[PDB]
């Protein structure tokens, strides 16, 4: 049929737009995954920097607190030494000896902890510095790539805009019963669903038609579907 040939030519041309649009959407999604992968590499480094900063804040305060308590014990030991220089009774002399011994031993313990904290802060500062460097290098190595990816997406979006408007100008003059079938097939298969007979097989699924079924397709007087994949078959 003349009219069937026109309906086919029209859906065939819509089908080429739909294939491109499916391709574009897949490449967009792939570019967006590549961006999220880059963002996630940076976000991981920022998290490490944040955890290190909070840890440095705790060290700062434990260091300040330790120095202050060491100071306080040191002043108290000095007070005890002045007291002892003036005592006359052996029991008081001895109590001050014992107290100073005990106080000094606690101070010694605090000083060794303070040394430990200061060393942790020194090594953690080196680690923070290295993580900031790595954050800056990653951002630097990646900013040109991210902007090039985003521009590709832009150009995909704008090309997709054009293929949509073209699709809409063809849908107007296209047979609506055939389109309604086409569109459900396409949503199901995501590739060409109006397909020709090649080498006496369905070119969509590659399963051979019975000769009777080929006869039906050639008459071109009604929509004929592949008996195995359900795609629309046509001749030429």
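Residue numbers count along the first chain shown, from 1.
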With B-factors read from the PDB entry, the higher C-alpha mean of 154 to 162 and 102 to 110 is in 154 to 162
For 81 to 89 versus 115 to 123, entry-based mean Cα B-factors point to 81 to 89
Which one of 50, 177, 57, 44 shows the top CA temperature factor in the record?
-> 177
Which one of 190, 68, 184, 26 shows the top CA temperature factor in the record?
-> 26
Would you mind checking where the Cα B-factor of residue 75 ranks among the modelled residues of its chain, as the lowest, middle or highest third?
-> lowest
Should residue 130 be placed in the lowest, middle or highest third of its chain by the C-alpha B factor in the entry?
-> lowest
Please place residue 35 in the lowest, middle or highest third of its chain by C-alpha B factor as given in the entry.
-> highest
Going by the recorded CA B-factors, say which third of the chain residue 145 sits in, lowest, middle or highest.
-> middle
Residue 170: CA B-factor among chain residues, third -> highest
